[PDB]
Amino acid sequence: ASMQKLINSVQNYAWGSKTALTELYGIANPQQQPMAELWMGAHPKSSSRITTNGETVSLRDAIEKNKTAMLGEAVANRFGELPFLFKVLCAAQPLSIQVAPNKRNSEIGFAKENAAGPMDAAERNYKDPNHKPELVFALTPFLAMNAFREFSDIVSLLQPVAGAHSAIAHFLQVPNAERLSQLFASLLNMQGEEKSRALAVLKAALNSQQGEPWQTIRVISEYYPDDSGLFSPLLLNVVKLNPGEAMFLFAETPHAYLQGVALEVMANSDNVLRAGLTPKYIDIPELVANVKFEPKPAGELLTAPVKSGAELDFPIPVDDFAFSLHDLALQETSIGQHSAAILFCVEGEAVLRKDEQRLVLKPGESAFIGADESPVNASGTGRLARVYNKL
């Protein structure tokens, strides 16, 4: 079959929503497990499957058998694999702050660590040498953190808590990238009485400061009462994405997913460098070496999409993946690409057609389109998201 409806995995991580996938898409959950992520792709931990004959097969194994045909020649020769994983993300709670090292440093990190051999230890930062560019696209109102605030913004937010830590006072005295780096490291390295002091001052400020990002700190404190990451909304932009809005997560930049439901598209890497809101050991020197202490103005945080006909493209500044939304109507529109694609029904109902084959997707369902099977015609109502490669 030219178009392959996907059988996808749902990760039941303890942080996931017990209800979000059910309420959005009607996915069953009779025993009320946490449903954290719905995976669309060919990840070796849990590949999506396709149906042949009647038998199911791993999408990963199927691509493996047939790389050029499935991925296209460009993707096949550049990456050697499907170069992205596409998820629906549905936490019940705020998640860890993370930084993605760039490609060069991920390579260096992966090698530095092997030469001292241990994969599943807590000292380990680099599971592979890939970078991890990512886009998030809000499905429901989505609260996140991304990038450092303008320095003057940080100064204003830190004034009320100047007494929490001497690193704050030091930054306030000269608010520059050097002292921002020292502050960031100082905060994450707070211990014992130094840490209880700082957290006591912060929690007292919440009673006298109103609005954001103070409210965001309250939200986080429900789950991370004893985490130096509670100060992060004062350093990092807090963003409330409306459904349909997106943000690209650049390298070397702290970010976090705090509340809501989104699509996530990422390059393939299992590397996770944390920067707070975690009980795990953090290697602060390694983290600091992979952070660019440059402000990002709020006006620059969301990706500006571009509409052409029925297609809304979200320009991504890397080659690893591309992302577009497609309006559906009665009159078919042709959706084609030089690569493999995954198509996901965001809302309404999608009827895909390739020659004689018809495939209906309801919201939350997806299909894989191999490169050799492009283009397909789409009709119906609502919108289809597509992950692909523009190479």
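From 1 onward, residues are counted along the sequence shown.
A.B. asks: None, 1 to 3, 4 to 9, or 10 or more: how many residues of the deposited sequence lack coordinates between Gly211 and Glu212?
C.D. replies: The entry leaves nothing out here.
A.B. asks: What size is the break between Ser334 and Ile335 in terms of deposited sequence residues left without coordinates: none, 1 to 3, 4 to 9, or 10 or more?
C.D. replies: Unresolved stretch here: none.
A.B. asks: Look over 54-62 and 37-45 in the entry and identify the one with the greater average Cα temperature factor.
C.D. replies: So the stretch with the higher mean C-alpha B-factor is 54-62.
A.B. asks: Please work out which of 261-269 and 289-297 has the higher mean CA B-factor as recorded in the PDB entry.
C.D. replies: It is 289-297.
A.B. asks: Pick out which of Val238, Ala256, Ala251, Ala200 has the highest C-alpha B-factor in the PDB entry.
C.D. replies: Most elevated C-alpha B-factor of the set, per the entry: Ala200.
A.B. asks: Name the one of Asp320, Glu134, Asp313, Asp226 with the greatest CA B-factor according to the PDB entry.
C.D. replies: Spelled out: the listed residue with the top C-alpha B-factor is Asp226.
A.B. asks: Based on the deposited C-alpha B factors for this chain, I'd like to know if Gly16 is in the lowest, middle or highest third.
C.D. replies: For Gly16, whose C-alpha B-factor we compare with every modelled residue in the chain, the answer is the lowest third.
A.B. asks: Considering only modelled residues of the same chain, in which third does the CA B-factor of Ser9 rank: lowest, middle or highest?
C.D. replies: Lowest third.
A.B. asks: Please place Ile108 in the lowest, middle or highest third of its chain according to the CA B-factor in the PDB entry.
C.D. replies: For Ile108, whose C-alpha B-factor we compare with every modelled residue in the chain, the answer is the highest third.
A.B. asks: Within this chain, which third does the Cα B-factor at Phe79 fall in: lowest, middle or highest?
C.D. replies: Middle third - that is where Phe79 ends up once the chain's C-alpha B-factors are sorted.
A.B. asks: Ordered by C-alpha B-factor within the chain, which third holds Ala329? Give me lowest, middle or highest, please.
C.D. replies: As the PDB entry reports it, the C-alpha B-factor of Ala329 lands in the highest third of its chain.
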